[PDB]
């Protein structure tokens, strides 16, 4: 019998790092803001496929971020690590979400982020220096794209960069984990590490956010010890994994559009605009749109019922032709305003301006010091991560003009 169904499987995997998976360009094109899909466990779910609708549902208080709910749309087995663990505030709803988030925000304001610019410039050129000096060829992942945000986020959290090999490895295993067993074991490695850091900080008040949370909120019983572990773990992995994939994918992508890059290299006033457009275009975290309805919601004559799962896929909504003229075209000159790569509403990405700062420093730095950077394999040979985790390559060999 024909095989066509009205709720395709979800998610799909990318095949060119900067293009929607075929199955996603479909859903984008169907009229209507909501489409049915089938998740890995045969349950059926709603995906939002339009910009204004995504924007409205992300602001709607009837869509919960509670991941311990049995109807939360888990997209992979690995997910049931985070489901059964104490929740960071990304899995909380108002009013709990606010009191937890408000403990971390002092370190992420525009004032604090702006003033970090000297220190971020120092880290980047530091790791380039070392990269360049060991000569081509280089894997831009392990030698640059990953170490740079790791170092920055550690100094912010107060995690010692000495232990960098341990937690980078445990973060890798946890984002890319394909089964539940591997994800839990990565989580328990990281949690056990962080629990010892907290005791160490109870003996000697540490620096960073984690030190301040130990010495203050934990000492007064306003946060559970195990909640602290989850919060620090969220910031640590998010601090690392996202900026690094942006760096690698923005590099693959900028090279396959060499006439916009040229113009980037020639007018550094455009860099903050190309950052926005890169964020819109690449949307590395389309999974981070998971919600469950706690009530019936009406959207343009379609009905989400209490208990249904809804995935706001910000990569599709960012390719909404009625907001971005020719949406599948990378245009560093376009106005990429109102994009959803960071989300919207109360869960809007806490670290977005740190992420903008890192990318804008990193790019300038790559254009000053390796203006002849190019890839050391053809793009068709890179292994892409699957659609069940954050978008990116795991390896990126590159080369340049040696001194």
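Positions refer to the first chain, counted from 1. In this text, the rigid core denotes the largest set of C-alpha atoms whose superposition between the two forms falls within 1.5 Å.
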Original post:
Which stretch is less alike in 5 other deposited structures of this protein, 129 to 137 or 251 to 259, counting RMS CA distance after the rigid core is superposed?
Top reply: 129 to 137
**OP:** Superpose on the core, then say which of 80 to 88 and 99 to 107 ends up with the larger RMS Cα offset from this form in 5 other deposited structures of this protein.
**Re:** 80 to 88
Original post:
Per the PDB record, is the mean Cα temperature factor higher over 45 to 53 or over 373 to 381?
Top reply: 373 to 381
**OP:** Between 73 to 81 and 140 to 148, point out the one with the higher average CA B-factor as the PDB entry records it.
**Re:** 73 to 81
Original post:
Going by the deposited entry, which of 318, 109, 245, 182 has the highest CA temperature factor?
Top reply: 182
Subject >> Which of 166, 281, 89, 127 ranks first by CA B-factor in the deposited coordinates >> reply: 166
Original post:
If you rank the chain by CA B-factor, which third does residue 261 end up in: lowest, middle or highest?
Top reply: highest
Original post:
Compared with the other modelled residues in the chain, in which third is the CA B-factor of residue 239?
Top reply: lowest
Original post:
What third of the chain, by the recorded C-alpha B-factor, contains residue 203?
Top reply: middle
**OP:** Could you say whether, by C-alpha temperature factor, residue 122 belongs to the lowest, middle or highest third of its chain?
**Re:** lowest
Original post:
According to the PDB entry, is the CA B factor of residue 335 in the bottom, middle or top third of its chain, that is, lowest, middle or highest?
Top reply: middle
